[PDB]
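Contents: one structure, followed by commentary.
Values below: every heavy atom of this structure, side chains too, minus hydrogens, waters and symmetry copies. Each chain gets a letter, A, B and so on, in the order the sequences are listed, and its residues count up from 1.
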Amino acid sequence: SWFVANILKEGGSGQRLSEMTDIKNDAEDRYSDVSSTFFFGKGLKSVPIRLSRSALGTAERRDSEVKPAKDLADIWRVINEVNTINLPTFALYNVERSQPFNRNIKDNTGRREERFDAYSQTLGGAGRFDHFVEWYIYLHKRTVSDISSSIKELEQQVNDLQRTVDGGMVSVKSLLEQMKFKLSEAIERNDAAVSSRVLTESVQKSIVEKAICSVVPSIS
Amino acid sequence: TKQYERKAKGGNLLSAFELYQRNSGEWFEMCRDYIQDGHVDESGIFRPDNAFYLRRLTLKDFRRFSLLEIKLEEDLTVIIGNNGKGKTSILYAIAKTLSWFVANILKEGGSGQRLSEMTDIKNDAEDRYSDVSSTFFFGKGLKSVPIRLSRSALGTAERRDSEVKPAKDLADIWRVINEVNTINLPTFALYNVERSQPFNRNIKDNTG
Amino acid sequence: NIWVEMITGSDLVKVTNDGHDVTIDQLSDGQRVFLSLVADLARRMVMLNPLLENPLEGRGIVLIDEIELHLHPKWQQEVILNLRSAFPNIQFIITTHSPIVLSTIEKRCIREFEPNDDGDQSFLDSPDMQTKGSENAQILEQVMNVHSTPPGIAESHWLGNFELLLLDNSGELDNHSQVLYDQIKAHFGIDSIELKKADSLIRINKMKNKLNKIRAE
Amino acid sequence: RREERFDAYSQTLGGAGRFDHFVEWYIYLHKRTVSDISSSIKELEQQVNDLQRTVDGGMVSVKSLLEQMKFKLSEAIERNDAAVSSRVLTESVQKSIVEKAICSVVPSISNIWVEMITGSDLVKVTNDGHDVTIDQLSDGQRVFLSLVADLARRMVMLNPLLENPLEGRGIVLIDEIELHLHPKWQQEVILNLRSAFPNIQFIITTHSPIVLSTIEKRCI
Amino acid sequence: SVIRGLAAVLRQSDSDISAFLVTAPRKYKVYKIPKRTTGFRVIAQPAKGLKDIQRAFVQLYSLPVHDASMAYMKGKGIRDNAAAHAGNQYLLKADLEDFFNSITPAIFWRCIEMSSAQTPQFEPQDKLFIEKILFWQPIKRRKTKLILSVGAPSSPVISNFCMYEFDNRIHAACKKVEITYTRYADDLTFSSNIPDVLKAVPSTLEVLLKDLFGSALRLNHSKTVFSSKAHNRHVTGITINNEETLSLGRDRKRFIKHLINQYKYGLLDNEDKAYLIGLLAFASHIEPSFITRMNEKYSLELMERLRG
RNA sequence: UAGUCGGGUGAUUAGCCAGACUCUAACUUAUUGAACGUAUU
Ligand SMILES: Nc1ncnc2c1ncn2[C@@H]1O[C@H](COP(=O)(O)OP(=O)(O)O)[C@@H](O)[C@H]1O
Ligand SMILES: [Mg+2]
């Protein structure tokens with residue numbers, strides 16, 4: 001959780017040990033430690049992290065030691081900000097993953113298309129199969145649609161509205177400004193999408209379909 | 001050190017505790033006796049030799065108050081006034097200060113509560129910050145424990161710092177001495193008008 | 001009395017309230033809220049003072065806003081005395097709007113806002129009047145700055161007006177004073193305090209006038 | 001939901017009122033007073049007319065926009081008609097009635113108004129001669145404000161045909177009327193309520209001899 | 001000009017003084033001193049070269065100081081400060097917040113400009129050098145934050161000067177209402193025999209501080225204390241007794257007697273002996289009568305042996 | 001009553017004794033620097 005939090009946000013906090021449930025009941029020292037060591041190539045052979053918690057009223061606090069994990073996660077975050085890089089996947093699949101399917105699927109606000117939605121609820125234990133379905137339908141709609149057709153259509157609408165304002169209809173100036181803003185936003189999103197070095201929606205679709213069909217024997 | 005030894009032998013609690021911490025018997029027992037010693041009066045009531053109470057409170061640009069000072073009684077103080085005179089504000093201010101003792105009895109370097117940047121600074125205050133200053137008494141060996149909680153208004157460039165180290169120092173004595181050998185501990189409680197609530201027997205807190 | 005019953009198959013705290021065994025849910029809001037305060041405080045003191053013979057004689061600071069909350073006047077007359085008896089080493093810092101509560105407390109313990117303050121008062125002070133053992137009516141007027149009678153009711157002024165009329169007519173009951181007397185009698189009744197005070201005024205003024213006549217002769 | 005007439009019956013007998021609903025409704029009233037609906041209709045009518053002329057001039061691309069604007073216009077007219085059809089007090093008058101009631105009944109409050117601060121609407125009050133937010137009020141002032149405000153809101157909504165909607169009929173139950181009130185307020189509270197709501201049947205409970213000094217024995 | 005004066009005094013070249021001063025605000029050693037209860041104070045001392053320059057500066061340029069200023073004054077001290085208030089029954093003490101670190105170049109130059117008494121006139125070219133002489137830079141990366149450090153030899157003089165006008169005004173105001181006023185560094189003391197006049201002084205102080213220094217210098221409201229003969233009264237660690245005489249206080253006197261008794265039976269170690277001797281010198285200065293009494297109680301011979 | 005001041009006693013920072021005081025109302029502080037006292041020269 002500490003890597004995920006710090007990849008998403010500078011100074012992000014991961015999850016703490018519970019004072020009530022995580023400390024052994026008959027611990028003489030009245031504190032608990034979870035110590036992990038990670039590897040990242042020969043340049044970083046040891047990335048230690050310790051999560052710690054003391055009982056209430058102990059004479060000394062036992063604090064977590066999380067700076068090395070944060071330092072590494074900061075490299076990923078900062079370098080990615082300047083120039084897109086590939087990022088590590090962290091996921092937990094508990095017995096909770098066996099849950100019934102809600103069929104009635106929710107309106108795409110457009111959080112699912114954001115790259116760091118990939119870290120949403122990733123260590124919650126169930127996955128988010130609902131998010132998959134939304135995202136997969138979204139991918140389909142974009143594949144069937146043309147890219148920048150909305151921009152081209154918006155460009156055409158702004159051009160038509162500009163002609164109307166040039167023809168003496170000053171009442172529609174407010175609407176023109178709104179539409180110009182929408183066009184600029186669409187271009188920016190397109191450019192940001194272009195800037196984010198992301199795969200085409202068609203390719204993304206294909207990859208996932210192939211993966212599912214390869215791994216799940218009954219699904220062709 | 002010889003200076004701390006002199007003060008400690010003179011009956012100063014903080015000096016005795018400092019000597020205990022550096023040499024880590026004599027000094028431990030001084031601290032523990034300071035906290036535990038008491039006597040039963042003529043009425044059969046136990047009385048600690050070292051009493052603990054809030055002596056004095058000062059409010060600067062806090063809510064309705066530009067600059068207010070209150071001297072409290074050791075036993076009972078009753079505040080009266082019309083609605084909107086700031087009686088509740090006074091108890092809020094004290095409770096926030098006491099939160100720093102509670103936090104540090106529970107955990108070394110614990111954090112108490114804060115003044116609100118949104119609501120607690122006086123609306124027409126030219127200086128856009130508020131101060132709540134309290135002085136506590138703990139027997140003749142620790143006659144003054146000063147605490148100040150401060151907050152600057154939202155969006156002010158200069159931030160005003162709280163001064164809470166004395167609270168932490170005293171709370172540390174309680175915490176550490178208790179860990180070695182059990183002592184009696186002070187009770188701090190606030191009962192505001194939120195105490196009036198519908199009861200539910202079926203709802204259990206499953207947290208601690 | 002307070003006790004736990006398990007026999008029904010759920011744990012129930014029961015109390016004997018005014019001679020009747022009831023569940024906590026059956027208590028009035030006033031009773032429950034006050035019970036809650038004392039119970040909570042006692043629990044904390046017992047847990048924090050394991051080495052005292054009486055753990056309720058431990059140290060601490062307790063803040064209570066609106067001590068009279070939900071309390072009948074009868075209870076307001078007992079509450080501070082009971083709390084201080086049960087928790088003799090706690091520093092209590094209390095707020096109240098109740099003259100009944102104030103009648104049980106020494107003036108040294110009272111801190112009073114100045115009446116027309118506007119939040120530039122430097123220091124709070126005690127009232128001038130002793131409150132402990134004083135009459136409620138006096139505390140209302142001298143300490144809480146509230147008239148003994150509701151100013152927005154006409155009948156509240158009648159006895160005052162009656163007295164003024166008596167003084168204006170050299171102590172004799174004139175047509176106007178008689179009318180008002182009859183109004184007082186009709187509204188408050190034959191055995192009312194107000195009428196008795198009026199009667200007293202008549203009698204004293206008659207006697208004063210008799211003295212004046214004897215002196216003139 | 002708060003602008004619907006029968007929202008006045010929402011949680012009326014739940015014990016707390018809904019002071020949150022009051023605030024929402026009052027801000028709503030303020031926004032409508034600063035912006036007239038018919039000018040929006042006139043503006044929308046003008047926009048629909050301008051868009052219709054563009055469609056008649058051969059620009060088929062703006063037909064979708066025209067249909068949307070016609071829908072918006074029809075909705076605005078319907079709301080206006082429904083408002084007209086409800087035979088209701090104007091939003092300005094409603095606002096004024098409630099403000100007067102609050103200021104008359106609540107002694108510490110001399111004025112109440114909506115400010116646009118930063119980018120969010122805030123209700124402000126002149127309390128004891130100083131301008132404060134609702135969150136800055138004492139508990140006694142807030143609780144009493146809440147009672148009166150809620151009651152006034154409901155009466156305005158339920159009595160649209162009365163010149164003074166606060167002269168409507170009803171039954172109001174109040175437990176512990178003196179709750180959080182200083183003795184000085186207790187001497188005024190029943191008088192103020194009965195003056196503001198002259199045709200309501202009040203059934204109240206009290207522990208206060210000061211309150212009883214203002215009431216006839218027949219009512220006790 | 002300042003450079004030439006300093007070079008002459010220190011028998012150095014103008015060039016070497018000027019070169020040294022370029023980074024003078026950073027030439028401070030920072031260390032901690034234990035407080036008497038728990039905790040530490042953080043002190044910044046100038047390097048030796050800089051101390052010499054600072055002392056030379058103070059020698060060359062006389063800045064005015066009010067008579068009510070008792071700290072850092074030739075021939076005056078805590079005894080004189082306490083004695084000023086010994087005859088008055090009512091006492092008020094006030095304290096200034098972060099006094100030394102609140103004094104910036106801006107305040108200093110404002111005081112020079114405002115000063116009633118004849119200040120030295122400095123050439124604009126010298127102003128930069130003076131700032132580098134007198135002010136410490138606590139934050140390496142923030143060149144813009146220069147403040148007085150208590151550990152510098154020039155800081156006492158500069159601080160007293162910066163308070164000159166303040167002292168003038170408050171002294172005059174107090175004199176009109178029969179209040180005695182003295183200042184020992186950041187410690188302000190007011191005393192009077194007239195009841196209910198000291199209550200107005202804190203408000204007066206706040207206004208004056210705002211007027212002269214804006215928000216730079218402020219009262220420590222937690223350290224504002226009223227006292228009378230009904231309670232303990234002390235001024236700069238000297239007790240004023242109820243006979244209106246200066247005293248060490250009962251507890252300190254009893255402690256000294258304890259140490260002497262230990263010495264009498266050869267129980268004092270050398271460190272404690274040295275300590276005792278030093279304390280007795282101070283006691284002789286504040287309360288000579290106490291020494292007389294100790295001589296009477298303990299044998300003159302014992303005391304002479306101790307002090308020999 | 002309480003708090004405070006402190007002359008004396010007391011192998012003495014305690015305890016005890018005597019005397020006194022009361023503006024709503026002391027909380028004893030910080031070095032190597034500065035000043036003051038002492039010691040040295
Ligand atoms: N930040 C603030 N600035 C100015 N006045 C404030 C501020 N916060 C609260 N107030 C005022 O302070 C009073 C609140 O009183 P409160 O503390 O609840 O005491 P009480 O219970 O005696 O009414 C009201 O008069 C309110 O208007
Ligand atoms: Mg020295």
Side-chain angles (χ1 to χ4, degrees), chain B residues 6-12 55-56 69-71 135-137 142-146, chain C residues 108 111 123-126, chain E residues 29 31-37 40-41 43-46 51 54-55 58 70-81 89-93 95 149-157 159-160 184-185 187 192-199 222-243 245 247-262 264-265 267 274 277-286 293 297 307:
Chain B
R6 287 170 191 125
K7 285 272 175 208
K9 285 187 284 163
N12 187 284
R55 258 172 83 167
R56 194 171 289 280
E69 207 211 61
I70 312 175
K71 187 276 183 182
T135 303
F136 293 82
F137 176 88
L142 185 46
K143 296 175 181 161
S144 177
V145 179
Chain C
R108 70 178 180 78
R111 300 293 176 279
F123 200 23
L124 298 187
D125 209 351
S126 79
Chain E
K29 179 60 173 175
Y31 57 88
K32 298 196 295 173
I33 60 160
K35 289 183 151 280
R36 297 193 178 154
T37 50
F40 297 95
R41 289 174 181 275
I43 299 298
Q45 207 184 139
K51 285 190 279 180
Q54 286 178 352
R55 287 182 193 126
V58 163
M70 303 303 283
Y72 317 122
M73 290 303 289
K74 224 67 70 74
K76 293 210 276 204
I78 58 166
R79 182 179 71 131
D80 299 293
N81 189 40
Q89 69 185 302
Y90 309 114
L91 188 69
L92 171 69
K93 147 65 193 181
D95 184 81
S149 165
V150 68
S154 54
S155 293
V157 172
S159 63
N160 275 344
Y184 198 95
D187 164 301
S192 181
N193 286 314
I194 301 170
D196 300 306
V197 298
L198 293 177
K199 296 139 81 154
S222 73
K223 309 290 262 186
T224 297
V225 175
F226 289 83
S227 190
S228 74
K229 287 179 70 199
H231 312 282
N232 173 267
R233 295 178 289 145
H234 60 274
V235 177
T236 53
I238 298 172
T239 299
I240 302 170
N241 66 15
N242 288 338
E243 307 318 305
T245 302
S247 173
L248 299 162
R250 196 192 218 240
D251 298 324
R252 207 198 271 281
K253 285 182 265 211
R254 284 176 74 84
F255 178 50
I256 292 167
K257 289 189 298 179
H258 168 74
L259 290 174
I260 296 169
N261 191 265
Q262 291 296 97
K264 182 177 173 273
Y265 300 119
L267 297 171
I277 292 164
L279 207 49
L280 284 170
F282 175 71
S284 85
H285 186 56
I286 303 303
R293 288 191 296 262
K297 187 176 166 81
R307 281 135 81 65

Tell me what E:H258 touches on the nucleic acid: a base, only sugar-phosphate, or nothing, going by heavy atoms under 4.0 Å. base
Parsed dot-bracket for RNA chain F after applying the Watson-Crick and G-U rules with both distances under 3.5 Å and | for other-strand partners is .((((.(((.....))).))))...................
Item to complete: Would you indicate what E:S192 reaches in the nucleic acid, counting non-hydrogen atoms under 4.0 angstrom: base, sugar-phosphate, or nothing?
Response: nothing
Expected label for F:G10, using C1'-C2'-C3'-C4' where a positive value gives north and a negative one south, is north
Per the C1'-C2'-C3'-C4' dihedral, where positive means north and negative south, the sugar of F:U9 is north
With sequence neighbours left out, the residues meeting side chain to side chain contact (heavy atoms under 4.5 Å, CB included) with E:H285 are E:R79
Residue set satisfying side chain to side chain donor-acceptor pair (under 3.5 Å) with E:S247, at least two apart, ordered chain then number -> E:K253
With sequence neighbours left out, the residues meeting side chain to side chain donor-acceptor pair (under 3.5 Å) with E:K297 are none
- Would you classify B:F137 as touching base, sugar-phosphate or nothing, given that sugar-phosphate means primed atoms plus P, OP1 and OP2, and contacts are heavy atoms under 4.0 Å? nothing
Say whether, by atom type as modelled, one donor and one acceptor occur between the side chain of E:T245 and the main chain of E:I240 under 3.5 angstrom.
no
Residue set satisfying side chain to side chain donor-acceptor pair (under 3.5 Å) with E:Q45, at least two apart, ordered chain then number -> E:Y31, E:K51
### Message
At 4.0 Å (heavy atoms only), tell me whether E:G75 reaches a base, stays on the sugar-phosphate, or touches nothing.
### Response
sugar-phosphate
By side chain to side chain donor-acceptor pair (under 3.5 Å), E:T37 pairs with (sequence neighbours left out) none
Heavy atoms only, 4.0 Å cut-off, all strands: where does E:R79 land among base, sugar-phosphate and nothing?
nothing
Check your understanding: How is B:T135 classified with respect to the nucleic acid when contacts are heavy atoms under 4.0 Å: base, sugar-phosphate, or nothing?
Key -> nothing
With north for a positive and south for a negative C1'-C2'-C3'-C4' torsion, F:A20 lands north
When all nucleic acid strands are considered with a 4.0 Å heavy-atom cut-off, which category describes E:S154: base, sugar-phosphate, or nothing?
-> nothing
In the 5' to 3' direction, the nucleotides of RNA chain F bounding the stretch that comes under 4.0 Å of a heavy atom in chain B are F:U4 to F:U29
Across all chains, not counting sequence neighbours, the ring pair (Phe, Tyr, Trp, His ring centres under 6.0 Å) partners of B:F137 are B:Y53
The side chain to side chain contact (heavy atoms under 4.5 Å, CB included) partners of E:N193 (sequence neighbours excluded) come to E:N88, E:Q89
Query raised in the report: Which is true for E:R252 with a 4.0 Å heavy-atom rule: it touches a base, it touches only sugar-phosphate, or it touches nothing?
Result: nothing
